[PDB]
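Comments concern the structure below.
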There are 2 protein chains.
Amino acid sequence: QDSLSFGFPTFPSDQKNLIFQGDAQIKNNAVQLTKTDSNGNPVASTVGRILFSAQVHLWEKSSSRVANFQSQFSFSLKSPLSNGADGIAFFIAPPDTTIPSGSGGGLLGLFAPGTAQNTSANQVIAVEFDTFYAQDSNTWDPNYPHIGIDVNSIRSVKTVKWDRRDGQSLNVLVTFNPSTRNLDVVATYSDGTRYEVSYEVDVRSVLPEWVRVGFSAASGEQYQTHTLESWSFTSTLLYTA
Amino acid sequence: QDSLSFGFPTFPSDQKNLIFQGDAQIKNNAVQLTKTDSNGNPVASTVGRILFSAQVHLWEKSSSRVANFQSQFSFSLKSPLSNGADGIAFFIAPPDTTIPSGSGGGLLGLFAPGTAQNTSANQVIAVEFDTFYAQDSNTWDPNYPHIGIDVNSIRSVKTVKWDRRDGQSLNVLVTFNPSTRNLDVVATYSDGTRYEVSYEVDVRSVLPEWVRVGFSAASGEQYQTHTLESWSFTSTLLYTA
Ligand SMILES: CO[C@H]1O[C@H](CO[C@H]2O[C@H](CO)[C@@H](O)[C@H](O)[C@@H]2O)[C@@H](O)[C@H](O)[C@@H]1O
Ligand SMILES: CO[C@H]1O[C@H](CO[C@H]2O[C@H](CO)[C@@H](O)[C@H](O)[C@@H]2O)[C@@H](O)[C@H](O)[C@@H]1O
Ligand SMILES: [Ca+2]
Ligand SMILES: [Ca+2]
Ligand SMILES: [Mn+2]
Ligand SMILES: [Mn+2]
């Protein structure tokens, strides 16, 4: 299809079009990307991801069209600690994508250790909400919590300082305009605190014509829950001139 | 998801989200539901169907909601014969639906001979465009080409007279309003000729909560091409009170 859109105001346990990978599962009408114990407390060493089953037609070579898309979602992070880790990310990748071996912790379940910073070895665009930046294990991160745009590497091409608020929902809007090639991210807390980061990228040179979209999250030594509360997505192939 | 929509202004051969059953296949940017030879001519004894891969959430028992949906599409039928057969239908059925054994010809690839008219043995709602009504074989049909609403039986709960026009595209809009439980069908030819038919049905007593939507067509002794040219669909769960 040239256009596709779906919306999950909440996430009832009875799902049919979501691909669950790793420890991701439904709990309390929300998607818990990372594992939690019987009491709902976050645990260490856990990775989880979800992808919508239907493939998205991001661009079409024959017609020279590229899709304009928008993804709106909200999530919250909670942890008994204060150095919750590692983060959640919205991502776009080939349809057959699976959790790379050894991609836990700071690799957010998106990259393999050996090629995490090798742009020519990956095919993925992601918007990460990174809460752990210890320079001994996350050498690629700026020294502070941040939102970043990742293009084929765990080392963001662009970032903005962000504030982690335990238990508060962050509302996010990610937009890609094929006319300007601008991938825009706007995140806001209920009180109006706003964060913005943008970057110009030609999706055609990074991803194949058909892709899948979803979310990934991980916790290594440090942990926190990565709760996806709602999500809507829409994409429309448009002629770019 | 509570809401889902997709649009196929045309059908390029590079498809990822359609389930092809029987002889259905893409040719010349359109879906040929029934088999055609090398020259693109229709042949006898053929059945074919397509279904969008993502499941649609039709109704939800726990929340007492029912989907409001709309399906817009266009097709054309063509045949060198005086009596092209057998017809095409838009349908809704359980997610694991497949072509029943012996459902060719007048059964449109939707029902098995043994239970074609047994409403308690089927789970399907279809809008048929029936061009073959020979009273000796299709005994259940009115004696003329017609548009029919089928609820668990090849014997339409309602039909209206319709004219078959060789090679002309018919545009159809099928709507279901959960508030009134009215399933409306509006079909038009390019010259303005219009056909309307409506029926009240509680979808909750006929179909499971999750379903797949698609098209089906068949040709028995007589034949014709059944070409699906475009299709857009949208559905949204709504509180019914
Ligand atoms: C906690 O520091 C010790 O372990 C470090 C390994 O860090 C893991 O946990 C991080 C946060 O969950 C995660 O970002 C990283 O990928 C690892 O999974 C190590 O680097 C320190 O030197 C120290 O031993
Ligand atoms: C060709 O006529 C002979 O067979 C007929 C069987 O009818 C088949 O074809 C019809 C039109 O394609 C279709 O509606 C039906 O389901 C069968 O597939 C029969 O009716 C005639 O009396 C004759 O024997
Ligand atoms: Ca990090
Ligand atoms: Ca018939
Ligand atoms: Mn980072
Ligand atoms: Mn009929």
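Within every chain, numbering begins at 1; the chains are lettered A, B, ... in the order of the sequence lines, protein sequences first and strands thereafter. Atoms considered below: every heavy atom in the structure, side chains included; atoms not considered: hydrogens, waters and symmetry mates.
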Test item: B:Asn17 side-chain N/O and A:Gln55 main-chain N/O as donor-acceptor pair under 3.5 Å: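 Judged by distance alone, yes, a pair lies under 3.5 Å.
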B:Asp2 side chain vs A:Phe8 backbone, donor-acceptor pair below 3.5 Å: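 Checking the backbone N and O of A:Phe8 against the side chain of B:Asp2, no donor-acceptor pair under 3.5 Å is found.
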Nearest-0.5 Å distance that lies between atom NZ in B:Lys16 and atom CD in A:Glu209: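 Reported value, rounded in 0.5 Å steps: 7.5 Å.
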Within 6.0 Å of CG in B:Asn28, more than 12 heavy atoms from elsewhere: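 No, CG of B:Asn28 has 12 or fewer neighbouring heavy atoms, counting only those of other groups under 6.0 Å.
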Distance-only donor-acceptor hits, side chain of residues 87-101 of chain B, under 3.5 Å, sequence neighbours excluded:
{"from": "B:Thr97", "atom 1": "OG1", "to": "B:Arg49", "atom 2": "NH2", "distance (Å)": "3.1"}

